[PDB]
Amino acid sequence: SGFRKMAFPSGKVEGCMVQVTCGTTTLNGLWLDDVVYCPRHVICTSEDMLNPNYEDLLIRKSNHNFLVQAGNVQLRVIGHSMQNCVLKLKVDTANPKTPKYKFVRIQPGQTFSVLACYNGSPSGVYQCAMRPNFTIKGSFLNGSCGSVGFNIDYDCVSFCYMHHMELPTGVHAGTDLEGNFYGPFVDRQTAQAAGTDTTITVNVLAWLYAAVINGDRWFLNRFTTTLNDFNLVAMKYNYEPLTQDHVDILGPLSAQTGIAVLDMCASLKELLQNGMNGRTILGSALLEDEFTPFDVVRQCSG
Amino acid sequence: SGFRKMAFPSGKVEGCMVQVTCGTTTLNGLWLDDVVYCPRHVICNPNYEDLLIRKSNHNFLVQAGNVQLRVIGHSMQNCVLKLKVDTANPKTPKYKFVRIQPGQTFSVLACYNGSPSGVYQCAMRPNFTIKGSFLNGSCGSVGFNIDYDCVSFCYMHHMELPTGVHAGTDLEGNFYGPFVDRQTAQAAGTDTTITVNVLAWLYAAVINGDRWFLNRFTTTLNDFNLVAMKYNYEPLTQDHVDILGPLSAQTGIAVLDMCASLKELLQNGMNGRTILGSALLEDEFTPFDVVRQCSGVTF
Ligand SMILES: Cn1nccc1C(=O)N1Cc2ccc(Cl)cc2[C@H](C(=O)Nc2cncc3ccccc23)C1
Ligand SMILES: Cn1nccc1C(=O)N1Cc2ccc(Cl)cc2[C@H](C(=O)Nc2cncc3ccccc23)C1
Ligand SMILES: [Cl-]
C-alpha cells in the first residue's frame with residue numbers, strides 16, 4: 001500500500017556525470033562510452049546568447065579548449081562535433097561505468113526521473129513530466145545545464161532529456177539526447193515564453209484508478225459519459241483532450257478495478273464540477289497528473 | 001527556480017542491496033563490509049532466540065546480483081539479523097548508522113528481490129510511522145541521508161500497519177515507535193503536522209516568488225503554540241525558531257512573522273489559491289532541505 005511520486009534509482013546515471021568547461025562557462029556532460037554529450041551553449045560567452053552562430057563559434061575552437069572533468073580526473077578531448085543543440089566531445093577514455101542505454105524521444109504527458117547536477121556532481125533526484133506545452137516544472141539553479149532526464153527499463157537506461165534553459169515563468173526547456181528541443185524553443189536568450197499549460201487527462205484518470213486500487217472510492221458516481229461529452233466538459237477546465245488511444249491505454253486498469261474508462265471519466269467530470277469538499281485522494285487536495293498509466297501499473301502491482 | 005520533493009542520489013546505496021532468503025521468505029539485505037543486515041523476521045508470538053538457534057549458516061541464501069555470497073556466521077541485534085559473509089562488499093561507501101528524530105526526512109530506496117526499483121523522499125512522522133510506498137517484498141528496504149560522501153543509514157523497513165502506513169527500525173534494530181515485529185493488533189497513533197517543516201516550506205515559497213500569504217502581523221511563540229495545539233500541529237520550540245534563522249535572514253521575514261501567516265492559513269484556509277503547486281500545507285521538507293535545494297549542494 002501507499003502511493004508516492006517515485007524516481008528511478010539514479011546510480012547508473014551518476015556514473016556518467018562529468019563537468020564540462022569552455023572558457024568561463026561550466027556545465028554538466030553525460031559521458032557514455034568515449035563521447036561526452038553536453039548543451040552546445042557551453043561555447044557561448046553570454047553576450048552571444050541573443051543571436052549566437054554556433055557553427056561560427058565552434059569552428060574557432062580546438063579540442064584543448066574544452067576541459068572535461070570526471071571526478072578528480074581530467075579527460076582528454078580528441079574530437080568534437082555538433083548534432084542539433086548538443087555538442088558531442090570525443091574523449092580518449094571510454095567510461096567504464098557506462099550502463100546499457102538508449103536515446104529515446106518522449107511525448108508530452110510522459111514522465112521521467114531527473115538527476116540534478118552542478119559542476120559534474122549529482123545533488124538530487126526527482127520525478128517529473130513533460131508538460132503538454134513541452135516544458136518541465138523542474139527544480140534547477142544556474143549551473144544545472146546538462147542535467148539529464150531518464151527512465152530505467154530492466155537494466156537499460158533510456159535517456160530522454162537534457163536541460164538547456166529556464167523560461168521567464170520558472171519552467172524549464174531542453175532537448176532529447178540528439179539535440180532536438182522539446183517545444184518551439186531555441187537556445188537563444190530571445191523573448192520566448194511557455195504556451196498556456198493544460199492538465200494531462202490520461203494521467204489524472206490513471207491516478208484515480210490508483211486511488212481505487214488503494215481502497216478509495218468516495219469520488220465514484222453512478223454515471224457514465226460519451227467520449228465527446230467528456231472532452232467538451234474537460235476542455236473548459238484546461239484539460240487535454242482524451243483520445244481513443246488514451247482509452248485503450250487505460251484498459252488494463254479498467255479491467256483490474258471493474259470500472260469502465262468512461263465511468264471513471266464521469267467521476268472526473270464531477271470532481272471538476274464539485275472540487276474535493278475537504279477530502280483528499282491519495283493524500284492530495286489537487287488532481288495529480290504526473291503519473292502515467294504505466295507508472296500506476298508499475299508501482300501499484302509491479 | 002522550481003521546488004520538488006527531491007531524494008539523495010541513490011548510487012552509493014544501490015551497490016549495497018542484496019537478496020536474503022530463509023526458507024520460503026525472501027526480503028532485502030544491506031551488505032556493508034563483510035556483514036549483511038536484514039529484518040530478523042526473515043527467519044519467521046515468535047521467540048527469535050529459539051527460532052535463530054535452530055538455523056545454520058547455509059540456511060540463509062544471500063544473493064548479490066547474479067553471485068551467491070556464502071554466510072559464515074549470524075547474530076541478532078534487537079530486531080535486525082546480522083549475517084557474516086565471506087566476501088567484503090567492494091562497493092561499500094563511507095557510512096554511519098544514525099537514529100533520526102520525528103520530523104526529520106530521508107531518502108528511501110525501495111527494493112524487491114535485492115533489486116532497487118525506486119527512490120523517494122519521506123519524513124519520520126511524529127507518530128513514528130512513515131507514509132511510504134511499499135509492497136510484499138519491500139522488507140529490508142532502507143532509508144538514508146548523504147552528508148558530503150558519507151551515507152547515514154537511518155531506517156530499515158519491517159512492516160505495514162492496517163491504515164496503509166509503514167513501520168521500521170534504525171540499523172541497530174530498534175524500532176521507531178511503539179511497534180513490535182510480529183502479526184498482532186497494532187495501530188498508528190493519531191498523527192500531527194510537523195510545524196517547523198511547514199514554516200521551512202513557506203520560506204521556500206517566498207524564495208520562489210509566492211508571497212500572497214504574507215501579512216503585516218507577528219505573534220508571540222506562546223500565542224502561536226495554542227493555535228498549533230488546536231489544529232493538530234506539533235508544538236514549535238525555541239530550537240525550531242533558531243534553526244529557521246538563516247531562512248528568516250534571507251527572506252527578511254521574522255520566524256514569528258511567518259507564524260502569523262501560518263495562523264491565518266490555519267483559521268481561513270487557502271481560498272482557491274495554491275503555494276508551490278499545493279492546496280495543502282506541506283510538512284515533509286526540513287529547514288535544511290530547503291537551504292540545500294535553494295543552494296545546489298552536491299554529492
Ligand atoms: C533564466 N534566464 N532568463 C533570462 C536569462 C537567463 C539565464 O540565466 N540564462 C540565459 C539562457 C538562455 C538560453 C539558454 Cl539555452 C540558456 C540560458 C542559461 C539558463 O537559462 N540557465 C539556467 C538553466 N536552468 C535553470 C536556471 C535557473 C536560474 C538561472 C539560470 C538557469 C542562462
Ligand atoms: C500487512 N499485513 N496485515 C496482516 C498481515 C500482513 C503482512 O503481510 N505481514 C505481516 C507482518 C508482521 C510483522 C512484520 Cl515485522 C512484518 C510483516 C509483513 C509486512 O507487513 N510486510 C509488508 C511491508 N510493507 C508493505 C507491505 C505491503 C503488502 C504486504 C506486506 C507488506 C507481512
Ligand atoms: Cl513517450
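In each ligand, atom 1 is the first atom listed, and ligand 1 is the first ligand listed. Note: hydrogens, waters and symmetry copies are ignored here, and every other heavy atom, side chains too, is used. So you know, we letter chains A, B, ... as the sequences are listed, proteins then strands, and number each from 1.
In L50(A), the CG atom is crowded: over 12 heavy atoms of neighbouring residues, nucleotides or ligands sit closer than 6.0 Å. Other residues, nucleotides and ligands contribute more than 12 heavy atoms inside 6.0 Å of the CD atom of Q244(A).
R40(A) forms a cation-pi arrangement with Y54(A), by the criterion of a distance under 6.0 Å to the ring centre and an angle within 45° of the ring axis.
With hydrogens and angles left out, the side-chain atoms of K5(B) and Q121(B) include no donor and acceptor closer than 3.5 Å.
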Show me the short polar-atom pairs for ligand 1: any N or O of it lying under 3.5 Å from a protein N or O, with distances only.
| from | atom 1 | to | atom 2 | distance (Å) |
| --- | --- | --- | --- | --- |
| ligand 1 | 20 (O) | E166(A) | N | 3.1 |
| ligand 1 | 24 (N) | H163(A) | NE2 | 2.4 |

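In terms of modelled atom types and a separation under 3.5 Å, the side chain of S144(A) and the main chain of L141(A) share a donor-acceptor contact.
Exactly one residue among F134(B), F175(B), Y176(B), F179(B) makes a ring pair (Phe, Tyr, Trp, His ring centres under 6.0 Å) with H157(B). That residue is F134(B).
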